[PDB]
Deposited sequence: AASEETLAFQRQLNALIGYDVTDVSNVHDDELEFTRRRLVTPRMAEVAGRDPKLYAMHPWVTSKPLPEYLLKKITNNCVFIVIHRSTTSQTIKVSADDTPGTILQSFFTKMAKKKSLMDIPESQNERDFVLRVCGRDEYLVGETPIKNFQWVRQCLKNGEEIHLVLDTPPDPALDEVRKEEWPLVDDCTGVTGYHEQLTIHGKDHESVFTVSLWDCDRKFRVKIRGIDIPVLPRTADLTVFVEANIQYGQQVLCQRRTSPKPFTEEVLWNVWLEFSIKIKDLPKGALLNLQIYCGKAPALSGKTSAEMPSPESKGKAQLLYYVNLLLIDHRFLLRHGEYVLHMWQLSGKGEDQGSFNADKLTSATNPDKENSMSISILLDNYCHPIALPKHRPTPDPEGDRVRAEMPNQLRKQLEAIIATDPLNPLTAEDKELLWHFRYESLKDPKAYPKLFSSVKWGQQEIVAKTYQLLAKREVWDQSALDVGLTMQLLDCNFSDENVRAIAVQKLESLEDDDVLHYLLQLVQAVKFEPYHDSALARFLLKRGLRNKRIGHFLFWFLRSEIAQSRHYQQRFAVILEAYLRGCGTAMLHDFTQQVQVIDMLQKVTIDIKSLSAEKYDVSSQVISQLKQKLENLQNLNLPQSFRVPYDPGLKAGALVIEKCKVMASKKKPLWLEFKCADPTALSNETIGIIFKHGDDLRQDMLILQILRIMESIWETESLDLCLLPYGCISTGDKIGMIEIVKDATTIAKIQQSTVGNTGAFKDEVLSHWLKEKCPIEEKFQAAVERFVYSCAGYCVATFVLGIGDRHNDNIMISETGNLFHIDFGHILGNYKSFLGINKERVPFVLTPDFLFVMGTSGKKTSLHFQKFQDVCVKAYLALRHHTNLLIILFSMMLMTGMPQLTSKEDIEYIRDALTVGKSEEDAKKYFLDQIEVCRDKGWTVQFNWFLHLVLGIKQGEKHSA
């Protein structure tokens, strides 16, 4: 234990934002055990990754080129402008030649490598140029691919630092509830409370027992023994002893894994500190409440016994086969009757041939029966139909949600994920990282898969860091487990990344202190005091001096390096919440422009919800890639940094729809349908440009209508919708009456050439693109269902319900034929033109006038 070895932990601890060594809030040593067990999976990843490729994190995709990009490449060639000094050469190149044929073919025309100008994005390795996302991005963006020739980075910068019985216990299970202790009680005194003890598994309660009600006092005793109807030998690994307390309604809960990470049956005394309620993921944690001084506690007693340990295991009637498929063919949200289940089970080996049955089949399992489980494991010993199945993210996600607590059922889904290439991991990472909250133990296959894909790739690890840190900073329920996974990662990403993260962490702490210190200059009046402006430009000075790091990677776009702050352009938005608007220079001289990097840091909205939505949006964008479509969404970058703070990308050349109305019209709701188009034109003199800023609108507007309606958030005020001086429209702020499917106001239809209720050229163009994108999603109904369902379970602070999830099922018209569907959407589009500005005017009355 040298000083060097201690300093390291200390740094990592401040990088994580929680002390992973702490042991003040543990009733066992699972965390310590898990930090120790991750040491091996990390080393294996570090030692087996190529130093260079890892050093340059090439970004690629072995997927085909969409139909909308194919058409953008004359024959099979493309141009690439290479820059040396100020020299520049344009070259037509073999669309299929490794970045190696280039260079060599360049040397023969006019120890290096190609890099995207102004960005840390290298095109290297044995991959067809066209398979590089940067290229594909430029093509669709009709932009010139500018690459500067520079020296390859030196892997040395990624240097890693120096490193007794069995089942048989035919007895039942029981627990003693001695009492509950709370140093304080509710104002609305004179209450009654009781302890409820449930033996849970996969959100399913196998058994349950209570205690008698008593008045709610600072100390309620019982010393009552509760006997459960289940046999010790029947408790499965991952089962939770869920302890709850109701008050004459749920109010406090805590949980304890009955079988620990060593396979032992928990025993002994326990004083667990409980979480209080204000249905969702937090209710499943094995973590205890750290605030011991203010948190209700529960004193319980577990049967003192020697050492009970769990042992690690070693054609049909048509008419029936038909009803079996009727069940296997039901969306994820459909229930399962007792008959449905028994049927599914009896025909295990049959149901087993179809991968889409796994979620349903493994839920008909009676996990409270040791005998049934064993067969279940036997049933999996032979996983040929699965092993050989084609990876289905949607199906695999369903096995990782809160319905399965079994280690072997989850591991098979993780097994199918090993098959994802980096470009896909990056599409499902956020949700894969949220899924860790359903793991019953801190060490898991899914937890090791995220370590492994992180250590193995810089883009993935850059994000894994932020997705976890986001949860460690504002989740007391899961900070410990996530803190252990992030430490393990920080221990193999390299000295380089370790230094970047630090630059980022500094800039963020410093800048958020400012954000809050500025909000406190007027928490109720939308008046950017002339002094409030000088006040801000002043703190940025103090910091910008010799404190704030001169530069830093942009967390939501790692391939970008921020330079200094352009204090002049910095301001405090005229928003109730007073978000900061900051501008920075790019720190890369080779950048082919002088444009700044804009970032907004804000307090008061939950940006974890925005990350969730924004990510599902990129997922939709990729779902349309397969069906060969481009809806022009613009999921700007957004990263939750702490409680109700975080950063947001500033999309250039863009404004609020409402603001557009406000200028032409004014500070009232008499909205003029022509303002928008009169805005595009003024910002796009050149016909060819304006004529192109209209097609974008049609597509962008269409896509958000669809995406926003499928997610159930299509109804919102004008202020939450934005447009770019290139016509790209895009939603924002996702933080008894009138309603609408989405936003398709009169001004929008005006841009498309339809003053009245008469179809137009662009309108039909829009109508076709809609139904098209809409139907393209249904082709993934299940994927969207389980994604929407995971989201509500880990992204919503309030307890969500089935009724909440089901919405998505209707919006996607499950069990319906494409025909009916096409219509459903077109009808929804109709309600829009039938309410014109109705809903907006109302919103303006509610949000603006406080009515």
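No C-alpha positions are given for the deposited-sequence stretches 1, 112-127, 181-210, 296-317, 348-355, 392-404, 826-837, 954-961.
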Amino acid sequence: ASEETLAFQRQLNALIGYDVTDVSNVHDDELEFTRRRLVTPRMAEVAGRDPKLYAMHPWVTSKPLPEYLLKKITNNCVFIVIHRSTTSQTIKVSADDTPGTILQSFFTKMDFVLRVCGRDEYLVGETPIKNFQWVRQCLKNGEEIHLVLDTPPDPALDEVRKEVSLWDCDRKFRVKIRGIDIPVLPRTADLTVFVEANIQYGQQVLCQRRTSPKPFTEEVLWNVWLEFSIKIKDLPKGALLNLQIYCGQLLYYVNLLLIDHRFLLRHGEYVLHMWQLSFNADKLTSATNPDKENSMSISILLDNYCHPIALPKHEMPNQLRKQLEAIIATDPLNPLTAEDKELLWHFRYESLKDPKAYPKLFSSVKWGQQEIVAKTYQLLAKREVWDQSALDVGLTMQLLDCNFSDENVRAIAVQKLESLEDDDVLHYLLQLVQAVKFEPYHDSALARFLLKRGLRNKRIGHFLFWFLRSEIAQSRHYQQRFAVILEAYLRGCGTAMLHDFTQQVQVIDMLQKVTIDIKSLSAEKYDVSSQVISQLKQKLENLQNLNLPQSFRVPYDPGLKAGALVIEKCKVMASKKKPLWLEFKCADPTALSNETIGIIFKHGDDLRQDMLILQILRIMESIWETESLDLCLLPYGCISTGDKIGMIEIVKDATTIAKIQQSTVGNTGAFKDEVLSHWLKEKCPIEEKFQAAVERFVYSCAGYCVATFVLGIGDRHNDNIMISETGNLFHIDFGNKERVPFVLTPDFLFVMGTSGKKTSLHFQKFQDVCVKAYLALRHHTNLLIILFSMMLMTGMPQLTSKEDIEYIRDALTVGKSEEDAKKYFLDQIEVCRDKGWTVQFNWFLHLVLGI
From here on, numbers count along this sequence of modelled residues.
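For the two forms, the rigid core is made up of the largest set of C-alpha atoms that agree within 1.5 Å on superposition.
Remark: when the other structures in 4 other deposited structures of this protein are fitted onto this one via the rigid core, 523-531 deviates more than the alternative among 523-531 and 691-699, judged by RMS CA distance. Comparing 626-634 with 681-689 by root mean square Cα distance to the shown form in 4 other deposited structures of this protein, with the rigid core used for the fit, gives 681-689 as the more displaced stretch.
At least a third of the other compared entries skip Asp168 while keeping the residues on either side.
Compared with the other entries of this protein, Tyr441 is consistently built, present in every one of those that build its neighbours rather than absent from a third. The PDB entry reports B-factors from which the mean C-alpha value can be compared for 823-831 and 15-23; the larger average falls on 823-831.
Stretches 666-674 and 360-368 differ in mean CA B factor, with 666-674 having the higher one.
Set against one another, the Cα B-factors of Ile300, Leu490, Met110, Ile721 in the record reach their highest point at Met110. Within the selection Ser405, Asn198, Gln323, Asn280, the deposited Cα B-factor values reach their highest point at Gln323. Per the PDB record, residue ranking by Cα B-factor puts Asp50 in the middle third of the chain. Sort the chain's modelled residues by C-alpha temperature factor and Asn131 lands in the middle third, per the entry. Per the PDB record, residue ranking by Cα B-factor puts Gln208 in the middle third of the chain. The entry lists a Cα temperature factor for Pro58 that places it in the lowest third of the chain's modelled residues. When the modelled residues of the chain are ordered by C-alpha B-factor, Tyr377 sits in the middle third.
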